[PDB]
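Okay, structure first, notes after.
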Amino acid sequence: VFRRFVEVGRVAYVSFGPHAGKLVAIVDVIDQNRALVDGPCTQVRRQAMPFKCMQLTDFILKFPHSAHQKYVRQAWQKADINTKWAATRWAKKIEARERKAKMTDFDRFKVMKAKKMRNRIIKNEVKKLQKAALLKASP
Amino acid sequence: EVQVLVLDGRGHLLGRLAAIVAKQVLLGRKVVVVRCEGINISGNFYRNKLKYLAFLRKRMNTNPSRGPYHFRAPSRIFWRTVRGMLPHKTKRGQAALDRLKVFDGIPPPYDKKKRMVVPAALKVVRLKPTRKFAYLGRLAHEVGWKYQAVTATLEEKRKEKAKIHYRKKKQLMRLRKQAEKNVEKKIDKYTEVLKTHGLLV
Amino acid sequence: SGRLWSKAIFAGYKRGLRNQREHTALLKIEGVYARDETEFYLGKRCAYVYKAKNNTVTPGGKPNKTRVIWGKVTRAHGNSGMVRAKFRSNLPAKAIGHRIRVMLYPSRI
Amino acid sequence: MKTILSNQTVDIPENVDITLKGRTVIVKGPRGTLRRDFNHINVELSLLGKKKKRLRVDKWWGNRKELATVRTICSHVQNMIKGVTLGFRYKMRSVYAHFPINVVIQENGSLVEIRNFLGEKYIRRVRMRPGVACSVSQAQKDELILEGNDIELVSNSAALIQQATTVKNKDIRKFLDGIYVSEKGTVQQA
Amino acid sequence: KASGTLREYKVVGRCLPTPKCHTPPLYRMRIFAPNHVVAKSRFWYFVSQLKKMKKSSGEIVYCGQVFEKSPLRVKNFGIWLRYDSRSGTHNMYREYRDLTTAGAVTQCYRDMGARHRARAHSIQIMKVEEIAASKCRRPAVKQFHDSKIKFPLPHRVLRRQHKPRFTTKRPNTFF
Amino acid sequence: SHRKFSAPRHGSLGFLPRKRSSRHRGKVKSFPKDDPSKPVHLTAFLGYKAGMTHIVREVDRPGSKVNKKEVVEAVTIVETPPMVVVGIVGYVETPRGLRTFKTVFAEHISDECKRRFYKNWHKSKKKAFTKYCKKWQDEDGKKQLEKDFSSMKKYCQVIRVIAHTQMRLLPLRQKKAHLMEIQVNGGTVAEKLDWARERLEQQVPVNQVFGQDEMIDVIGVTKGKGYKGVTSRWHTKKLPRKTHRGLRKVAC
RNA sequence: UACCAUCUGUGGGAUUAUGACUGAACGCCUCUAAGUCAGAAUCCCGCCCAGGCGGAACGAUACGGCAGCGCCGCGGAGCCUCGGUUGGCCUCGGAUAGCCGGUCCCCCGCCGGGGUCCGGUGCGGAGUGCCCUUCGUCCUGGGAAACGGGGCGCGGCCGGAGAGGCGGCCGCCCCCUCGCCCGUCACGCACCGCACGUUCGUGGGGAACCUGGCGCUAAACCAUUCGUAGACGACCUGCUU
RNA sequence: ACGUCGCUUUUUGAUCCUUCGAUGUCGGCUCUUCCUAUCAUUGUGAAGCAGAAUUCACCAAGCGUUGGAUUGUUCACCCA
RNA sequence: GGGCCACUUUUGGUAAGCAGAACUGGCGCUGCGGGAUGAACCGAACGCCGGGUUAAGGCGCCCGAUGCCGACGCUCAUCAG
Ligand SMILES: COC(=O)C[C@](O)(CCCC(C)(C)O)C(=O)O[C@@H]1C(OC)=C[C@]23CCCN2CCc2cc4c(cc2[C@H]13)OCO4
Ligand SMILES: [Mg+2]
Ligand SMILES: [Mg+2]
Ligand SMILES: [Mg+2]
Ligand SMILES: [Mg+2]
Ligand SMILES: [Mg+2]
Ligand SMILES: [Mg+2]
Ligand SMILES: [Mg+2]
Ligand SMILES: [Mg+2]
Ligand SMILES: [Mg+2]
Ligand SMILES: [Mg+2]
Ligand SMILES: [Mg+2]
Ligand SMILES: [Mg+2]
Ligand SMILES: [Mg+2]
Ligand SMILES: [Mg+2]
Ligand SMILES: [Mg+2]
Ligand SMILES: [Mg+2]
Ligand SMILES: [Mg+2]
Ligand SMILES: [Mg+2]
Ligand SMILES: [Mg+2]
Ligand SMILES: [Mg+2]
Ligand SMILES: [Mg+2]
Ligand SMILES: [Mg+2]
Ligand SMILES: [Mg+2]
Ligand SMILES: [Mg+2]
Ligand SMILES: [Mg+2]
Ligand SMILES: [Mg+2]
Ligand SMILES: [Mg+2]
Ligand SMILES: [Mg+2]
Ligand SMILES: [Mg+2]
Ligand SMILES: [Mg+2]
Ligand SMILES: [Mg+2]
Ligand SMILES: [Mg+2]
Ligand SMILES: [Mg+2]
Ligand SMILES: [Mg+2]
Ligand SMILES: [Mg+2]
Ligand SMILES: [Mg+2]
């Protein structure tokens, strides 16, 4: 229990608001509800954001609290988050959910043909893995 | 969309679910509320028990055969909360109220179906966890309902059959994770088309 | 083949609390539940198809028992989807909670 | 004002070895085992060490009324540890004036019969909570001696046989009769 | 007086020059208001209580917004205010954490209405200044004065309760 | 304003709708709680009232006024010929109540038992249970009864015994018997249903069901009096003699 | 017909006041804050009385010579009437200060069950999902298929009772190499911009008509009796051996 | 005690709002129901509670609260 | 040529939905939207209609409208509000 904490340098993911879909770093904690929040490499200027808009990630940047923008930027680039992110599964599920919304009517036909074929080969061997795997003749 | 909406009543708040149901009822939408044993009511037990005991005291003294009908089974307690949220003195609200079928537990029309959940009415979402809550199945028992003991023995044996169906549904699901490992060189074209267009992460 | 119309529900007339205006309908369309989601339907054509006893003339076929009141969508009513519609003859009150076909006519796509 | 963090560790001896099934502490000592579900208080529990085996409990943004339950869960665990390393011995003493009180021990120590209370002919038969070994001593003249591992069950069983022997419709300043809890001890003085 | 997000105005005024004093002295105040219309009408509220000055015998010399000098560092604002209750009137001192001066005064009005049912016409803020962390006194402000602040978000309550309204799976609160 | 003189209410409110009974036998409405530890037995019987008598016995109440002294008790006599087990019925317990699951009547049902199934025996053709008696003497009608006597074993919790009286042994004018369900307590469901076909077509006497010197409950229908006024029906105080429109009324 | 004679009159549960237990807040104390205990002519239910425009199980179901009825047929010919609807989801229990999924040693007739380990967790083994996917046939090739599909083919068996009105499995058949993807090859009313089209559906309901096959041959009420009943109705009874 | 804050509508006033092309008017008898501000009974706390008796409170309206002399009496008063 | 009500001022009265004055507006003579309901309160006064937008008041369901990922707090009531 409790592994993803709010602290100085916690990389947060913004879920809604004007900066929805941006990674961002937590700089300081403004009184239980708001946080001084700065994303130097994801185009998000330093401002106050509530903790309900943001969602905590696994990555933690090391820098002292209330530091200037150029020190949270060269801490973003050391152990570079933008290649760590867009390699994790939660970053991949975001891009593989918006490109399902970026799916034209002709792309949706081509998935309709490729899925209907792929559910014939998979449906075939799950019969062969349950009528040959039931071959048991032992007491 | 003219199928029936089936709602597992366990873990829901009484009037938060009733207001959701009584508006879907007015929009067509035959809805079936199963398992009323587990509907919660906010506030502690004794407080909520006193509300129902105070209702039992409302009674036409001239002839209580004509007065308020104090239904005691949980399903009919929930049926009355949505009654007061419908215009049941009109034919629009009586044809509405016929679309709702309420049951205690889960009868065998609906035991072999998937139940929907209303997150706007759940106890874990709409109450702070440092609060108290009463069970509608328990405050019916100490109020006059006869059948929580036969309902408990019929919901235990339904969950016996639910584990058996699940462990067969879960056994086929680990066969598809074996089949897709074997026949994968012959679906490399088809698994790349779906991976391109937002599916198959 | 294909449904080709999106399905809506006749919820009520345009009303206050103690007055109603039967010339404007209120529709609930499935899938759209926000005001910033309903500008697609903002001018589309809509219809109430019903069956009766007597045969009536049909455009493109022999007489059947289906009659249609035609209308269109004017604008949105509230924040949670809920367009308001305007039909030619005002909707009968028996149609509350019944199917209204939103028909994808005149298109902007 | 809600305090961001309030912790309180609990030391654990070597003869016990406890586990955590979420909010469920299972203490296992040389005298048996105990188990209480704590799923009504929102705290997190944690075994920390591997040689001294601390037990921390956090609270994380509780107000004044939620913050009170951090030290109680510590006190419930420390009564489980003393329950299975030492136990709970309640020596309790019968105080009579004219009529001596007969206490006979029924089946395996789980039932007492209090007969001659103020010279009345009613027989008081109060059942022990399961796991309490109520007996009659031998070094004193008339006092009950009830064993056990759970302090909410030993002291409840001691309170069943104290609420039963109450004097009714009389003065309670005189008529000091009854069986009263004399001293709350432990077995095996550490 | 209403609210909604308060600005800060430097309002400067003086008495109209009669043949008694040819140049009457300039006075300035700091005023937290929704806009400069209210800021010029709250100026003649206090300067009529401090000095014998009315609006007809006076003029607004300079009215204008005071912007925050450092809106990107977290500051401790100690606010000396003065309100009246259902009983008599009282003096107070409250402490807040905010990025702007006028944001901590907006935060004071919502907290004096929450805790004391004090409407905004009752409240008179008289002093507001940046307190350091070693001179704060209130414990709710001082608990955030740690270089190693670390806390989770324990019980995440679902906000999208209606998208979808009917789902098949029960939500998660552990994140 | 108040009355000024307290007086209890005339009559119970707990016995009323005071209508004519909707039956003539006497519905049981509650059988004794059943527990499997007991041997297998019946819980009710059915007999006719014959008349009263007084007896003389002596009393053993140690400490009483009439210990070892002879008193005159008033008794009644109930003629109880043996009841014939004619069928069996099992109930399944539901969250809506207790519905009836399956009943299996026997072969060789007597004419006094089939008399009950007709409102007019003179003009009828006696055809009751003439299609149903042939599935006791069949091959592919047989084993559906051992599917009826096996689903009622594994799904029912309460089984009963349909029994009738035998009017041919009584001095009454009526030859139509009285059928009655009498449940079988004491034992598991697989034993009590095996027990209740051993007795099927056989008689059970009152000596088996009820023993010596035990207390029972008597269920029946009161002697009927007709349409009566408030002074007979409710035993209210009569009104003084110089009352104009009626003495035997309720005033207010 | 009478306390003016005689007989009968009942068991739980949650708890109120109140007394407590463990126990903090307030590193002591405390019945209280979380968590517990005892608890009453009260309350609620049982026992008892009635039995819903509320259900159930079962019985029998209309003839002696023209007369009906039920079941099994897509078995037909068409009339009328009431309307709705426009693909399915066939199901773990649940936790929420935590969960879901795989797994080594161990044990309750080889399922289950446990403590290590391995992954997932803004749920992707995902309802923000999944499964189906509807132009038609003909030419013709390559792949998936060969452990295939199809039929109201009949028999055979098993599972489902809480409202089962259902869901699988089978032995002998029957034709079929088509139906699923990527292609070749062309044609069909292409009805000349335009609406109610596309379904469930061989729908529910009331009729009557033709043509097969298979079974069945009743009751209720009145009248008359009775008097365990009764103002009248109703109710309880009897009526060729 | 001096003061002071309330409730109630089982007292009597105050008012004139309804009713003068009419709402039958004191008491009793009778009969049902309700209220609690509890006299008794069940469970408790307090005492200037040794017992017995009584007193003050608490949950509580389940259940009971009579027979008479005088008076038209409601009230009142005695007998038991 | 019987009036009545409401803000503020005011007389008698313990008080009154009591009796009597001053000022303005209202009801009576007048419907409509809101106050659930109501002569007077709040908004606004009315020929018959279509479109738009507001007032006072609202926007879980009845019942039109927050199905906003509204902001910050306070509050547990065994007669809450
Ligand atoms: C002196 O007063 C009388 O005589 C009473 C009577 O005359 C009774 C009328 C009975 C008749 C004569 C109609 O049989 C009458 O007209 O009463 C009025 C009467 O007649 C029914 C009704 C009144 C006025 C309206 C209601 N009120 C009720 C009874 C009543 C009682 C009175 C009373 C007047 C009323 C009147 O004065 C004091 O006690
Ligand atoms: Mg149709
Ligand atoms: Mg037509
Ligand atoms: Mg302690
Ligand atoms: Mg005494
Ligand atoms: Mg500045
Ligand atoms: Mg939805
Ligand atoms: Mg009276
Ligand atoms: Mg009285
Ligand atoms: Mg006379
Ligand atoms: Mg008598
Ligand atoms: Mg009890
Ligand atoms: Mg203590
Ligand atoms: Mg207590
Ligand atoms: Mg208890
Ligand atoms: Mg009842
Ligand atoms: Mg892990
Ligand atoms: Mg008068
Ligand atoms: Mg009059
Ligand atoms: Mg009258
Ligand atoms: Mg009259
Ligand atoms: Mg009281
Ligand atoms: Mg006392
Ligand atoms: Mg009473
Ligand atoms: Mg006299
Ligand atoms: Mg006049
Ligand atoms: Mg005049
Ligand atoms: Mg006046
Ligand atoms: Mg007047
Ligand atoms: Mg005018
Ligand atoms: Mg007006
Ligand atoms: Mg109005
Ligand atoms: Mg009001
Ligand atoms: Mg005004
Ligand atoms: Mg208009
Ligand atoms: Mg409203
Ligand atoms: Mg609405």
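Please note that chains go A, B, ... in the order of the structure tokens, that every chain numbers its residues from 1, and that ligands are numbered from 1 in the order shown.
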Subject >> Shell of 8 Å around segment 107-119 of chain D, only C-alpha atoms (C1' of nucleotides), local chain residues under 6 positions omitted, as a list in words >> reply: residues 98, 99, 100, 101, 125, 126, 127, 128, 129, 130, 132, 133, 134, 135, 165, 177 and 178 of chain D
**OP:** Please determine the contact residues of chain I with respect to chain A at a cut-off of 12 Å, counting only C-alpha atoms (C1' of nucleotides), and supply them as JSON, numbers by chain.
**Re:** {"I": [69, 71, 72]}
**OP:** Give as a PyMOL selection string the residues surrounding ligand 9 up to a distance of 12 Å, considering only C-alpha atoms (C1' of nucleotides) and all ligand atoms.
**Re:** (chain F and resi 1-8) or (chain H and resi 33-35+39+61+64-65)
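If we count only C-alpha atoms (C1' of nucleotides), these residues of chain G sit within 7 Å of chain D: residues 21, 22, 23, 24, 25, 33, 34, 37 and 97 of chain G.
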Subject >> Cut-off 10 Å, only C-alpha atoms (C1' of nucleotides) and all ligand atoms, neighbours of ligand 6 as a ChimeraX atom specification >> reply: /E:8,65-71,100-101
**OP:** Return as a list in words the residues of protein, DNA or RNA that approach ligand 10 to within 7 Å, with only C-alpha atoms (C1' of nucleotides) and all ligand atoms taken into account.
**Re:**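 Checked against 7 Å with only C-alpha atoms (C1' of nucleotides) and all ligand atoms; the hits are residues 242, 243 and 244 of chain F.
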**OP:** Check the DSSP output for the backbone and give back, as a VMD selection string, the residues of segment 4-192 of chain B in alpha helix (DSSP H).
**Re:** chain B and resid 14 to 24 45 to 56 74 to 83 91 to 97 123 to 126 136 to 141 148 to 182 190 to 192
**OP:** Just give me the gap between atom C1' of residue 68 of chain I and atom CA of residue 81 of chain C in Å, one decimal is fine.
**Re:**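 Taking atom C1' of residue 68 of chain I as the start and atom CA of residue 81 of chain C as the end point, the length is 13.2 Å.
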Subject >> Near-segment 15-20 of chain C list (10 Å; only C-alpha atoms (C1' of nucleotides); drop same-chain fewer than 5 positions) as a list in words >> reply: residues 25 and 26 of chain C; 33, 63, 64 and 65 of chain I
**OP:** Work out how far apart atom CA of residue 142 of chain B and atom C1' of residue 45 of chain G are and give it in Å to one decimal.
**Re:** 8.0 Å
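Our summary of the geometry notes that atom CA of residue 11 of chain E is positioned 7.3 Å from atom CA of residue 39 of chain E.
In this structure, the chain E residues at most 8 Å away from chain D are residues 139, 140, 143, 151, 152 and 154 of chain E, with only C-alpha atoms considered.
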Mind dumping the selected residues with N, CA, C and O atoms as a compact mmCIF listing (two decimals), in the first residue's frame?
# COMPACT_ATOMS: atom_id res chain seq x y z
N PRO E 139 -0.77 26.25 13.27
CA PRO E 139 -0.19 24.93 12.98
C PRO E 139 -0.56 24.36 11.62
O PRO E 139 0.14 23.46 11.15
N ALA E 140 -1.63 24.85 10.98
CA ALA E 140 -1.98 24.35 9.66
C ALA E 140 -1.03 24.87 8.59
O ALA E 140 -0.82 24.22 7.57
N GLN E 143 2.79 23.08 9.17
CA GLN E 143 3.01 21.68 8.82
C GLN E 143 3.52 21.51 7.39
O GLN E 143 4.04 20.44 7.06
N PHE E 151 3.54 12.82 1.12
CA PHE E 151 2.25 12.29 1.50
C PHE E 151 1.59 11.69 0.27
O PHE E 151 1.85 12.15 -0.84
N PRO E 152 0.77 10.67 0.43
CA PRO E 152 0.00 10.16 -0.71
C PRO E 152 -1.33 10.86 -0.84
O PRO E 152 -1.65 11.79 -0.09
N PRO E 154 -4.78 9.41 -0.41
CA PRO E 154 -5.14 8.08 0.09
C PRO E 154 -6.38 7.42 -0.51
O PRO E 154 -6.32 6.28 -0.96
**OP:** For ligand 7, collect every residue having any atom at a distance of at most 12 Å from a ligand atom (counting only C-alpha atoms (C1' of nucleotides) and all ligand atoms); output as a ChimeraX atom specification.
**Re:** /B:1,5,20,24,116-120 /C:29-34,80 /E:160-168 /G:127-128 /I:67
**OP:** Name each residue within 9 Å of ligand 35, counting only C-alpha atoms (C1' of nucleotides) and all ligand atoms, as a list in words.
**Re:** residues 50, 51 and 52 of chain I
Distance table requested - chain I against ligand 31, cut-off 12 Å, only C-alpha atoms (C1' of nucleotides) and all ligand atoms: one row per qualifying residue with the closest atom pair and its distance in Å to one decimal, ordered by chain and rising residue number, as JSON lines.
{"residue": "I:25", "atom": "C1'", "partner": "ligand 31", "partner_atom_place_in_ligand_line": "1 (Mg)", "distance": 11.9}
{"residue": "I:26", "atom": "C1'", "partner": "ligand 31", "partner_atom_place_in_ligand_line": "1 (Mg)", "distance": 7.9}
{"residue": "I:27", "atom": "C1'", "partner": "ligand 31", "partner_atom_place_in_ligand_line": "1 (Mg)", "distance": 7.7}
{"residue": "I:28", "atom": "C1'", "partner": "ligand 31", "partner_atom_place_in_ligand_line": "1 (Mg)", "distance": 10.8}
{"residue": "I:29", "atom": "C1'", "partner": "ligand 31", "partner_atom_place_in_ligand_line": "1 (Mg)", "distance": 9.9}
{"residue": "I:30", "atom": "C1'", "partner": "ligand 31", "partner_atom_place_in_ligand_line": "1 (Mg)", "distance": 4.9}
{"residue": "I:31", "atom": "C1'", "partner": "ligand 31", "partner_atom_place_in_ligand_line": "1 (Mg)", "distance": 7.8}
{"residue": "I:32", "atom": "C1'", "partner": "ligand 31", "partner_atom_place_in_ligand_line": "1 (Mg)", "distance": 9.3}
{"residue": "I:39", "atom": "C1'", "partner": "ligand 31", "partner_atom_place_in_ligand_line": "1 (Mg)", "distance": 9.9}
{"residue": "I:40", "atom": "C1'", "partner": "ligand 31", "partner_atom_place_in_ligand_line": "1 (Mg)", "distance": 9.0}
{"residue": "I:41", "atom": "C1'", "partner": "ligand 31", "partner_atom_place_in_ligand_line": "1 (Mg)", "distance": 11.8}
{"residue": "I:43", "atom": "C1'", "partner": "ligand 31", "partner_atom_place_in_ligand_line": "1 (Mg)", "distance": 11.6}
{"residue": "I:44", "atom": "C1'", "partner": "ligand 31", "partner_atom_place_in_ligand_line": "1 (Mg)", "distance": 9.3}
{"residue": "I:45", "atom": "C1'", "partner": "ligand 31", "partner_atom_place_in_ligand_line": "1 (Mg)", "distance": 6.7}
{"residue": "I:46", "atom": "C1'", "partner": "ligand 31", "partner_atom_place_in_ligand_line": "1 (Mg)", "distance": 10.8}
